[PDB]
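Listed below are the residues making up each chain.
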Amino acid sequence: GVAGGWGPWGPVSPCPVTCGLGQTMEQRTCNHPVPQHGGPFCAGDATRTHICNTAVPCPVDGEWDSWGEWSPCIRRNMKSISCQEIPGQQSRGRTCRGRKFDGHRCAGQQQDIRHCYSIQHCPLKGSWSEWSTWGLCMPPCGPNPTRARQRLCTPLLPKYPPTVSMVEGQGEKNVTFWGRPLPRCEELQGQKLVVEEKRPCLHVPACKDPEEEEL
Amino acid sequence: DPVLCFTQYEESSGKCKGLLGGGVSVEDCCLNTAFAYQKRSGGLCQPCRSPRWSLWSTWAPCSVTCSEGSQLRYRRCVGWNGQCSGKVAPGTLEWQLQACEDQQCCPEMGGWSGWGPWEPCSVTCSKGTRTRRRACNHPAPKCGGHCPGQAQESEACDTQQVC
Amino acid sequence: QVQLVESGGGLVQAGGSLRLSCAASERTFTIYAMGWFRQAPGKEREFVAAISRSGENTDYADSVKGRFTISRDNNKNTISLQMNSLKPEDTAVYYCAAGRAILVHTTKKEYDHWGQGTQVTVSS
Ligand SMILES: *[C@H]1O[C@H](CO[C@H]2O[C@@H](C)[C@@H](O)[C@@H](O)[C@@H]2O)[C@@H](O[C@@H]2O[C@H](CO)[C@@H](O)[C@H](O)[C@H]2NC(C)=O)[C@H](O)[C@H]1NC(C)=O
Ligand SMILES: *[C@@H]1O[C@@H](C)[C@@H](O)[C@@H](O[C@@H]2O[C@H](CO)[C@@H](O)[C@H](O)[C@H]2O)[C@@H]1O
Ligand SMILES: *[C@@H]1O[C@@H](C)[C@@H](O)[C@@H](O[C@@H]2O[C@H](CO)[C@@H](O)[C@H](O)[C@H]2O)[C@@H]1O
Ligand SMILES: *[C@@H]1O[C@@H](C)[C@@H](O)[C@@H](O[C@@H]2O[C@H](CO)[C@@H](O)[C@H](O)[C@H]2O)[C@@H]1O
Ligand SMILES: *[C@H]1O[C@H](CO)[C@@H](O)[C@H](O)[C@@H]1O
Ligand SMILES: *[C@H]1O[C@H](CO)[C@@H](O)[C@H](O)[C@@H]1O
Ligand SMILES: *[C@H]1O[C@H](CO)[C@@H](O)[C@H](O)[C@@H]1O
Ligand SMILES: *[C@H]1O[C@H](CO)[C@@H](O)[C@H](O)[C@@H]1O
Ligand SMILES: *[C@H]1O[C@H](CO)[C@@H](O)[C@H](O)[C@@H]1O
Ligand SMILES: *[C@H]1O[C@H](CO)[C@@H](O)[C@H](O)[C@@H]1O
Ligand SMILES: *[C@H]1O[C@H](CO)[C@@H](O)[C@H](O)[C@@H]1O
Ligand SMILES: *[C@H]1O[C@H](CO)[C@@H](O)[C@H](O)[C@@H]1O
Ligand SMILES: *[C@H]1O[C@H](CO)[C@@H](O)[C@H](O)[C@@H]1O
Ligand SMILES: *[C@H]1O[C@H](CO)[C@@H](O)[C@H](O)[C@@H]1O
Ligand SMILES: *[C@H]1O[C@H](CO)[C@@H](O)[C@H](O)[C@@H]1O
Ligand SMILES: *[C@H]1O[C@H](CO)[C@@H](O)[C@H](O)[C@@H]1O
């Protein structure tokens, strides 16, 4: 029955990290009295922890923003290729945002070029699409949410070559349509472009805030 | 104000993993933007990253087990110093409401018919059991409906005969 | 930054015991979480044991759990690996490793500082 106790605390650790927060510590032993033939176990902890503060912000790598708008599908130093069997090109741009404190630069191509036809303001024959899938009940949490589906005058895209093989290095290009056409179709319910319909959503549940729900 | 600093934000659950300790300001704990903080063990673990929307949660169970209902899912703006897309503070949420359909009908019930004749007594000596059954088909139940009560009453009968 | 020196290896019979020690740089010792690795002939390097900066939290590989014990002496800038019931499959070059840990109770499996190694050979 010998009562053990703590000895002297050792040297404190220096702050491990060069940015932000870290943790320093001190180590003590139960070496001077020592519990012999039983007793207790020195009463407490052989380890203290402490937070150290370097007060300097940390590297954060930049992240890509979303891609911009596609450029028009025209040719440089020419005119336009609207409503014509001429494949062109168009470009798109990104922006690296958020890079601070010697962080890593954004990895990848900041530009994007793809091949295109042009149906910008092109009068195209059209046909009414079938009923779209029912949308979301809007407004969520607001008074009387309603869904919405719609039929729209879908243009008949012209039967062009979707794959255009260029020479030089024999590069074949997946060509996709660009532009807002002018779809021509017969009226359905007094409307030429889009006729929709709304229906109210049944048995709407109340929105309860998850931090207000846990508490 | 001091705060509990943690070393890792789980993001899959929104929990504060790996406690660095406490008694330290939020600006210093969020210099390392991979860290996270919360006040005590009450909850709401917020990462030290710039504020970004989390993942959309799973859809809530449909408000009724029948016909067209409605179901919710949430998304929480998590981060520190800044705003999410749409003038949203860190901690505010966004909901999506969708019409669900677990099943189609919901049970209307049927009515009983006329009682069947009493069955003979279950034994020929001393005392037994007299059963009386009916059917649930006046009108018949549709989908998941059922008639209220029981379809077979059971009483006792005395045959007045010794074994 | 930090240098690591292993010691205590040698030739042991099967079932015997061996105690390795790893000396690290004195001024930066309590900053780094530390551990033991080994690389057998013809095999990749594999995790053996880890210890936090505290010496209070340990982690072990399943192949050595119950036989090996990692300890830390924060008075004398050393860690130790007490290897009991040694088998011929434990023959490897044993490496001491050091890794930066933000918390003092965190055990690591990824390390960016490595010693030159100590040879342990177990004969049957
Ligand atoms: C160029 O086109 C091919 C063909 O695939 C797509 O072609 C469109 C015309 C249309 O039919 C679309 O539905 C189709 O997916 C792309 O190659 C892959 O094709 C397979 C086969 O269906 C698709 O399942 C893949 O999603 C698709 N993409 C991959 C593997 O990334 C091709 O990617 C596309 N782009 C380039 C740069 O070549
Ligand atoms: C010391 O100097 C600072 C200026 C930063 O460049 C620090 O980098 C950061 O180090 C910690 C771990 O020590 C990591 O958590 C960060 O990811 C890293 O940016 C540097 O250590
Ligand atoms: C889901 O399954 C159905 C078969 C019902 O039994 C549902 O129970 C409840 O039925 C009452 C009608 O008496 C409704 O008012 C409730 O909306 C419905 O919850 C069950 O949930
Ligand atoms: C009807 O008539 C009675 C007079 C008895 O003969 C009946 O048979 C008896 O059935 C009981 C069980 O229900 C047995 O324990 C007797 O052994 C048997 O005599 C008969 O069914
Ligand atoms: C060690 O810890 C404290 C002193 O720091 C007391 O509880 C006691 O002296 C114990 O031995
Ligand atoms: C360490 O801490 C203090 C000295 O700073 C005393 O309580 C005691 O020496 C303990 O070992
Ligand atoms: C731009 O391109 C596509 C979306 O059009 C994605 O890869 C991504 O959003 C990128 O920013
Ligand atoms: C360019 O291409 C189409 C528009 O024609 C869309 O996917 C989007 O606007 C993209 O930027
Ligand atoms: C849409 O409506 C009918 C088909 O439902 C036709 O008049 C025509 O196809 C129009 O585009
Ligand atoms: C929408 O309405 C019905 C199906 O619900 C059909 O007439 C057609 O599919 C239309 O698109
Ligand atoms: C919306 O309503 C139902 C599904 O809830 C279906 O008729 C269809 O998917 C429509 O878009
Ligand atoms: C929820 O919605 C889509 C996936 O359905 C993504 O934008 C994202 O995962 C968001 O959390
Ligand atoms: C909600 O909808 C279905 C389940 O009803 C799944 O796609 C998913 O769980 C989503 O959250
Ligand atoms: C059957 O039982 C009685 C009629 O016998 C009524 O309470 C009800 O019609 C039920 O269906
Ligand atoms: C059965 O019970 C009585 C006759 O015994 C009546 O209320 C009715 O005919 C029911 O079906
Ligand atoms: C049972 O009792 C009598 C015949 O014993 C009738 O009133 C009827 O058949 C009932 O179900």
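The rules behind the values
Residues numbered from 1 in each chain as written, not as in the entry; some residues may be left out. Chains lettered and ligands numbered in written order. Part of a larger assembly, values for the part shown. Heavy atoms only, no water. Near = heavy atom within 4 Å. Polar contact = N/O pair within 3.5 Å; in protein donor to acceptor, adjacent residues only side chain to side chain. Areas by Shrake-Rupley, 256 points an atom, 1.4 Å probe, with all protein chains shown as cover. Nonpolar A, V, L, I, M, F, W, Y, C, P; charged D, E, K, R; others polar. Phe/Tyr/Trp six-rings, centres within 6.5 Å; stacked < 30°, edge-to-face > 60°. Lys NZ or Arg CZ within 6 Å of the ring centre and 35° of its normal. Pairing = 2+ DSSP bridges. Helix = DSSP H or I, 4+ residues; strand = E, 2+ residues; numbered from the N terminus. Axes fitted to C-alpha atoms, helices over the stretch in contact; angles between N-to-C directions. Salt bridge = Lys/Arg side-chain N within 4 Å of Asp/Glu carboxyl O. Buried < 20%, exposed > 50% of the residue type's maximum accessible area, 1.4 Å probe, protein only. Patch = residues over 30% accessible without salt bridge, like charges linked within 9 Å, V, L, I, M, F, W, Y side chains within 5 Å. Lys, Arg positive; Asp, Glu negative; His and termini not counted. Charge placed at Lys NZ, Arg CZ, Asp CG, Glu CD. Domains from an automatic or database assignment. Disulfide = S-S within 2.5 Å. UniProt positions renumbered as here; feature names shortened; annotations may be inferred. Core = buried A, V, L, I, M, F, W, Y, C linked by side-chain atoms within 4.5 Å. Contact = heavy atoms within 4.5 Å.

Residues and elements named next belong to chain B. In the vicinity of ligand 16, the contacting residues are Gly116, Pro117, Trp118 and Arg130. Take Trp118: an N or O atom from its side chain is 3.2 Å from an oxygen atom of ligand 16. When isolated, ligand 16 has an accessible area of 300 Å², and the protein chains bury 44% of it. In terms of residue class, the shell around ligand 16 is made up of two nonpolar, one polar and one charged.

Pairs of aromatic rings are described using the distance from one ring centre to the other and the angle between the two planes. Residue and element names in this part refer to chain C. Enumeration over the complete set of coordinates arrives at seven aromatic pairs over all chains. An aromatic cluster is built from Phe37, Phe47, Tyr111 and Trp114, whose rings are joined through pairwise contacts. Above the plane of the ring of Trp114 lies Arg45, whose end atom (NZ or CZ) is 5.0 Å from the centre.

What follows deals with the sheet that holds strand β9 (residues 163-165) of chain A. Residue and element names in this part refer to chain A. With mixed pairing, four strands are arranged side by side in an open sheet as β4-β6-β10-β9. This sheet does not close on itself; its edge strands, each paired only once, are β4 (88-93) and β9. For this sheet the average axis-to-axis angle between neighbouring strands, irrespective of direction, equals 50 degrees.

So, about the sheet that holds strand β3 (residues 36-38) of chain B. Residues and elements named next belong to chain B. In spatial order, the strands read β2-β1-β3-β4; together these four strands make up an open sheet with antiparallel pairing. Both edges of this open sheet fall to β2 (16-25) and β4 (46-47), since each of them pairs with a single strand only. Pairing between β3 and β4: two bridges, direction antiparallel. For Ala36, the partnering residue across the bridge sits in β4 and is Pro47.

Glancing now at the pattern of salt bridges. This model, assessed by the stated rule, comprises 15 salt bridges over all chains. Residue B:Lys142 pairs with B:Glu108 through a salt bridge whose shortest N-O separation is 3.8 Å. Residue B:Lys142 is located in the loop between β8 (127-133) and β9 (152-158), and its partner B:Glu108 is located in the loop between β7 (93-98) and β8; the two are separated by 34 residues in the primary sequence. Taking relative accessible area as the criterion, B:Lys142 reaches 40% and is therefore assigned partly exposed. You can call B:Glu108 exposed: its relative accessible area is 51%. Between C:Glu46 and C:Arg38 there is a salt bridge, with the nearest N and O atoms lying 2.8 Å from each other.

This part takes up a negative patch on the surface. Residue and element names in this part refer to chain A. On the surface, a cluster of negative charge is made up of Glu211, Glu212, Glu213 and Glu214. Within the fold, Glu214 resides in helix α1 (residues 210-214). The exposure class assigned to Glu214 is exposed, which follows from its relative accessible area of 62%.

In this section: the environment of A:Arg97. Topologically, A:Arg97 is positioned in strand β5 (residues 96-97). For A:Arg97, a relative accessible area of 60% corresponds to the exposed category.

Right, let's get into the domain arrangement of chain A. Examined at the domain level, chain A breaks down into domain 1 (1-58), domain 2 (59-121 + 159-180) and domain 3 (122-158 + 181-201). A separation of 69 Å is found between the C-alpha centroids of domain 1 of chain A and domain 3 of chain A.

Here we take up the site of ligand 15. Residues and elements named next belong to chain B. In the neighbourhood of ligand 15, the contacting residues comprise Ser113, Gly114, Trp115 and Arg132. Contact distances for ligand 15 include 2.8 Å between an oxygen atom and a backbone N or O atom of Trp115. Taking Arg132, its side chain carries an N or O atom lying 2.4 Å from an oxygen atom of ligand 15. Its free accessible area being 300 Å², ligand 15 has 38% of it covered by the protein chains.

It is worth spelling out the UniProt feature "disulfide bond" in chain A at this point. Residues and elements named next belong to chain A. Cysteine pair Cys19 and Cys58, annotated in UniProt as disulfide-bonded: S-S separation 2.0 Å, below the 2.5 Å cut-off, and the bond is accordingly regarded as formed. In this pair, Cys19 is assigned in the segment before β1 (21-27) and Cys58 in the loop between β2 (47-53) and β3 (63-64), connecting sequence segments 39 residues apart. Exposure class is identical for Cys19 and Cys58. Each is buried. A sulfur-sulfur distance of 2.0 Å is found for the UniProt-listed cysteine pair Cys83 and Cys122, consistent with formation of the disulfide (criterion: under 2.5 Å). In this pair, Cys83 sits in the loop between β3 and β4 while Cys122 sits in the loop between β6 (111-118) and β7 (123-128), placing the two residues 39 residues apart along the sequence. Accessibility expressed as a relative area gives 42% for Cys83, which makes it partly exposed. Here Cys122 falls in the buried class, since its relative accessible area comes to 1%.

Residues and elements named next belong to chain A. Strand direction decides the pairing type here: β6 and strand β10 (residues 172-178), joined by four bridges, are parallel. What sits directly across from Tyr117, in β10, is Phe177. Bridge count between β9 and β10: three bridges; the pairing is antiparallel. What sits directly across from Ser165, in β10, is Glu172. As consecutive antiparallel partners, β9 and β10 are separated by six residues, and within that stretch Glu168 has a phi angle of approximately 50 degrees, a positive value.

In terms of nonpolar packing, the biggest core is built from 37 residues, with C:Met34, C:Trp36, C:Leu81, C:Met83 and C:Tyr94 touching the most fellow members. The biggest single contributor to this core is strand β9 (residues 92-100) of chain C, with six residues. If we skip the residues at most four places from it in the chain, C:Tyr94 touches C:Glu6, C:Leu20, C:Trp36, C:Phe37, C:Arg38, C:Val48, C:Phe68, C:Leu81, C:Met83, C:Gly117, C:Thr118 and C:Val120. Of all hydrophobic cores here, the second largest spans twelve residues; its members include B:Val26, B:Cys30, B:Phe35 and C:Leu103.

Residue and element names in this part refer to chain A. Tallied over the entire structure, the rule returns 20 disulfides over all chains. Here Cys30 is linked by a disulfide to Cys42, with a sulfur-sulfur distance of 2.0 Å. Its S-S torsion of about -100 degrees marks the bond between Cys30 and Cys42 as left-handed, since a negative value means left-handed. One end of the pair, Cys30, is in the loop between β1 and β2; the other, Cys42, is in the loop between β1 and β2, with twelve residues separating them in the sequence. Residue classification places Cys30 among the buried positions, given a relative accessible area of 18%. Overall, the relative accessible area of 6% leaves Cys42 in the buried class. The disulfide partner of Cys141 is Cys207, and the S-S distance across this bridge is 2.0 Å.

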